[PDB]
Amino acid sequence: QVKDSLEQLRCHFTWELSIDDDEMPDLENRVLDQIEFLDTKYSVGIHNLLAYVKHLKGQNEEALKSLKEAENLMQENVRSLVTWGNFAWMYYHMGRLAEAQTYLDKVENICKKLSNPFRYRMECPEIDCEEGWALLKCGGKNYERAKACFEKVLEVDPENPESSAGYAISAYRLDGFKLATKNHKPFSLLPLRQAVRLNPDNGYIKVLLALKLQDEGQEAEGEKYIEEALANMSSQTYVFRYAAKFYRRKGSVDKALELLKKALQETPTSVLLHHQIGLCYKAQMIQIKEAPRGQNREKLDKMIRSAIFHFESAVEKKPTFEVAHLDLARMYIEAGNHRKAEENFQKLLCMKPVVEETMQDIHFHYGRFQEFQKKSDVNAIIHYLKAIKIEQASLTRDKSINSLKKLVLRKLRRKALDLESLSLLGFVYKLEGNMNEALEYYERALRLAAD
């Protein structure tokens, strides 16, 4: 009966935060990193999230210490209702019901005073934002909801700085999910400009705008914001993360490594940094290949070794880091370690990424591996088709269609009356939009089928 009341409270226990079991350690580390290095006006939500994590670990006593710390720092506000809601849920799981009802009454009293329509569900913009920040911290499966929280606020107060920031970040990350789909549009460009305007001293938002400007070819304008963000000390380690990405994609790879190595001293468990660092060594590996033996060779194997070390570290800390697992498997091919590349690809082939489009790249690169390392056109076709089976138009999907086409044409030159090759070729022409030639080949193949 008390449970029916607790379920109405707005807090981490009722926000249906999707948290995979394999992501708990990395989540905890990312929460702790944020407590130390992220500069924000309010730090109530982050400590409340830490408490919820502790609870999920079975350390309920430790959660109360993070809730009580969240309340002490609050002294230095309606957002307290989030803390009181977690208090109520905690005491409930611990059998201390009497104390739980006290915090239910605290929430009810405030709800009573603010003429709130609900007995326990406080309807205000601050708590909408707290829900948004929690979702935006617990993995990509929650970003659509997170954007909705912030968007809900901007429908009544379009210049609310906090929601404008959460909305911009969510939109930017969702754009990142679709960065390789055809006709993808920068929905997050204007929201980011608006967020920077309403948070002029926020560097975290400035670097995201820079990267989005770089995405749209306006690289020069983006670097202006990079320099502005690096100026203020606000959340500098996070500015180092995204500043490195900008400089790497700009071509100044050496500048990025320096920033990442600095950032790694502060957040040594950041899988994002480990991945970025690996991408840097991968970038330097392509630079030398342009011009290997001697000290030139010792450099590649050293960098390949480092890229593997950091990619291997990222997936160790976060086993759900799919694209890092993919970069790892691809790097083992650069090292000639087909044994380990096969091992990781088999891991990737059993995954179901949140961004399902990523599965195209998994099948595509494994297809190339089959085509070039294993010289097995049969298995290359299987995985080029599986990549194509995810209809969402993209760059990798076009590459899968072309690789399928070229490789199928090779079969027909050795055997022009191969039924399977004719039908696959007709299938290719269907994907290319030329329906007349597709019907032609399907019909030609269906004649050979009549035997």
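Numbering starts at 1 and runs along the sequence shown.
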*In the deposited sequence, how many residues between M233 and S234 have no modelled coordinates (none, 1 to 3, 4 to 9, 10 or more)?*
none
*Length class of the unmodelled deposited segment, which would lie between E76 and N77*: 4 to 9
*Which has higher Cα B-factors on average according to the PDB entry: 22 to 30 or 53 to 61?*
53 to 61
*asked:* I need to verify one thing: averaged over C-alpha atoms only, is the B-factor higher for 362 to 370 or for 187 to 195?
replied: 187 to 195
*For the C-alpha B-factor as written in the entry, point me to the maximum among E316, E298, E131, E342.*
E298
*For the listed residues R397, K411, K405, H383, which one has the largest C-alpha B-factor as given in the deposited model?*
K411
*Looking at the C-alpha B-factor of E356, is it in the lowest, middle or highest third of its chain?*
lowest
*asked:* Which third, lowest, middle or highest, does the C-alpha temperature factor of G166 belong to within its own chain?
replied: lowest
*Within this chain's modelled residues, let me know which third the CA B factor of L425 belongs to: lowest, middle or highest.*
middle
*Lowest, middle or highest third of the chain for the C-alpha temperature factor of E71?*
highest
*asked:* Considering every modelled residue of the chain and its Cα B-factor in the PDB entry, is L135 in the lowest, middle or highest third?
replied: lowest
